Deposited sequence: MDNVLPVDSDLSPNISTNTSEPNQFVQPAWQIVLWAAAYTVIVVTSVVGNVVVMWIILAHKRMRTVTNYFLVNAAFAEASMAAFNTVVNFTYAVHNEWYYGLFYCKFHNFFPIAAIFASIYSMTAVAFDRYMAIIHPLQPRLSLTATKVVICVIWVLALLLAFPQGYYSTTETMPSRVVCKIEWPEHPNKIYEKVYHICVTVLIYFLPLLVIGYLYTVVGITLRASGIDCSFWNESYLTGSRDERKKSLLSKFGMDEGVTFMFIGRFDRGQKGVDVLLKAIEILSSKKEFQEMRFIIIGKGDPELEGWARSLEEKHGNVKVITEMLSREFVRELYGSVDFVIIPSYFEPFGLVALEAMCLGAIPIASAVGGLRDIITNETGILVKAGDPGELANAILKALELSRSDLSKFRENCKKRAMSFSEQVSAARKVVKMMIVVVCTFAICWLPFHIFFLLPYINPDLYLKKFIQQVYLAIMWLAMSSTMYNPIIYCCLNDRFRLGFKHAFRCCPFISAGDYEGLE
C-alpha cells in the first residue's frame, strides 16, 4: 500500500481524535458547568461523552498504527488496555443512552411512576461502569505480548479449549450486549414514545380560533339556521358509527333518555359520521322524530369541521377506546368545551376545569353530563372556553418539545447503529463464511474501523444541530472565533 494512502488514513483518524475530544469535552463543560443543565438525562449524556472521548483519546492512534504496521511496540499494559477499554467504553456509552431512553419512556408512558433522582442516576452510572469493566475484564486478563514466532504481537491468549469455544461465546455475548440487545430495547422504547407523541400532535396553524370570524354566538346562530334549527345549547359528535369503539350508540341511548325530559327542548344535536347501518338508521329515525337533532353522513372538509368546533357549545366524545384523543385537542383549541369518556388520552388531556368527563359505556351518566352542560350554559362560559384553549395549547407545547428531544436521541441511536454495523459484520463474517482472501481487506478494514471509531465524534455535533441549549453552549465555548457574537 502506497505511503500517500497511509498519510491520508492517518489524517482521517486524526480528525476523529481531535473532533471527538474537543466536542465531548465541550459537551461535558456545557452540562457540568451550567446548573440548569444538570438533569438525569444530561448526566447520562455526560457519562457517554466521557466514555467516547476517552476511547478516542486513548485507543484510536494505536489501533490505526497497529492496523497499518502489524508489530506491537507499545508494551504489555497498553496491550491489555488496547483489548480491554473499547468494550468497557462502548458498553458504558450505549447503556447510558439506554438509560436516557428508559427515562423518557417513563416520563411519557407512565408519568405517575417515580423516576430516578440525580443521586440515583449517579449510582446507576457507577453500576454501568462496574458491569462494563467486568465484561471487558477477560480480554484484558488474557491479552499478552509475544513473538509469533519471531515478531512481537499483542494477542488475546484464551485458555486452549474445544476449538476456541470460550472466545466464540465471549465474542457473541459481547456483540449482543453492546449492539443487538441495547438497540432492540432502545428501538422498542422510542417506537412507543415516538408514536405516542406524534399521535398526540395537532397542527395549531390550522386548528386555531383566530381563523374564525365574528362572535361565537353569531356563528352558532348562523350554523343552526343553516341546519334549520332554532337557537339553543348545541352538542356535536363526530366519529365512526360502530359498537364498542367510538360510542355513538351510547350517545343515541343518551338522546333517547333525554328526549322525555323538558330540558330536551333547549338542546340541539349534530351527529356526524357513518358506519354500521343499524346505527345510521337509528340516528336518522332520531333525526326525523325530533326537530332539534341533525345527522350528517356525508364526508366534511376539515374547514367545515373547524367551523363547527368554533360554533357549537360542546363536543361529545363517548369513546370506549381512545388512546390519544387528538379530537379533544381539536375541539378545545376552537373553544368547544369537551364532554368525553374518561379513557386513555381523553382522561389525560381533559381536566375538571377544562371539560366534563364520564364513565365509558354508560348512557345515563352521559345524559346527566349533558344536563350538567345545559345548567352551565345558563351562565357565561367564556372562562371555561379560555381554560379549554389554554390547556390544549400548553399540552401541545409540551408534545412538540418532547418530540424534538426524542428526535435528537433517535438520531443518536441510529448513528451508533450505522457506525457499528459494518464492524460487527466484519468480525462475525468468519463464522458465517470464513473467507477474509485479501481482496483489498486491509483497505476495507481501515474503512470499517474508521467508521466505528468515528462514532465517538458525532454526538456533540448532533446536540449542536438539534438542541438550542447545546448550540448556545457551543457558541459560548467558541465565542473567540469570528462567527459568534
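**Student:** I have the full deposited sequence and the modelled structure. Can you tell me which residue ranges, counted from 1, have no C-alpha coordinates?
**Tutor:** Residues lacking C-alpha coordinates: 1-26, 463, 513-520.
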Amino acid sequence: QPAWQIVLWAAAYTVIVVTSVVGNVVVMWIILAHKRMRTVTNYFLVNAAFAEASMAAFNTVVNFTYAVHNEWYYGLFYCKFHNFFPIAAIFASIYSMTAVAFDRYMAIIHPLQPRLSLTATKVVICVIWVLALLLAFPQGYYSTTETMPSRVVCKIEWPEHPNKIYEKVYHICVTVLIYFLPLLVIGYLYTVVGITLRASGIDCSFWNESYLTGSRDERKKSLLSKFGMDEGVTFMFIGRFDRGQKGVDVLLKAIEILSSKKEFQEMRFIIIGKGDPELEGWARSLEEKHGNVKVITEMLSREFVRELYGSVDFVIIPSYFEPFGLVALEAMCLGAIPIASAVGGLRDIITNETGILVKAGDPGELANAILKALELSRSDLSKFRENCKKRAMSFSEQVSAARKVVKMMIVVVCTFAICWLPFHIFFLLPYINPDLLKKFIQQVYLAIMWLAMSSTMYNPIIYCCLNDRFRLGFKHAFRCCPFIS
From here on, numbers count along this sequence of modelled residues.
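**Student:** Compare the mean C-alpha B-factor of 2-10 with that of 475-483 as given in the PDB entry, and name the stretch with the higher value.
**Tutor:** The deposited B-factors put 475-483 ahead on the C-alpha mean.
**Student:** For the higher mean C-alpha B factor in the entry, choose 267-275 or 409-417.
**Tutor:** Mean C-alpha B-factor is greater for 267-275.
**Student:** Choose from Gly140, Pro318, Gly281, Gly239 the residue with the greatest Cα B-factor as stated in the PDB record.
**Tutor:** The listed residue with the largest C-alpha B-factor is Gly281.
**Student:** I'd like to know which of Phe84, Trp72, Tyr166, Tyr188 has the highest C-alpha temperature factor in the PDB entry.
**Tutor:** Out of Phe84, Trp72, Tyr166, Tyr188, the record gives the largest C-alpha B-factor to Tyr166.
**Student:** Sorting the chain's modelled residues by C-alpha B-factor, tell me whether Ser400 ends up in the lowest, middle or highest third.
**Tutor:** Ranked within chain, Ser400 CA B lands in the middle tercile.
**Student:** Would you please rank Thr39 by its C-alpha temperature factor against the other modelled residues of its chain and give the third it falls in: lowest, middle or highest?
**Tutor:** Ranked within chain, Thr39 CA B lands in the middle tercile.
**Student:** Which third, lowest, middle or highest, does the C-alpha temperature factor of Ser260 belong to within its own chain?
**Tutor:** For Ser260, whose C-alpha B-factor we compare with every modelled residue in the chain, the answer is the highest third.
**Student:** Among the chain's modelled residues, which third holds the C-alpha B-factor of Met229?
**Tutor:** Answer is highest: the recorded C-alpha B-factor places it there.
**Student:** Where does the C-alpha B-factor of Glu160 rank in its chain, lowest, middle or highest third?
**Tutor:** Its C-alpha B-factor, which the entry lists for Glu160, ranks in the highest third among residues of this chain.
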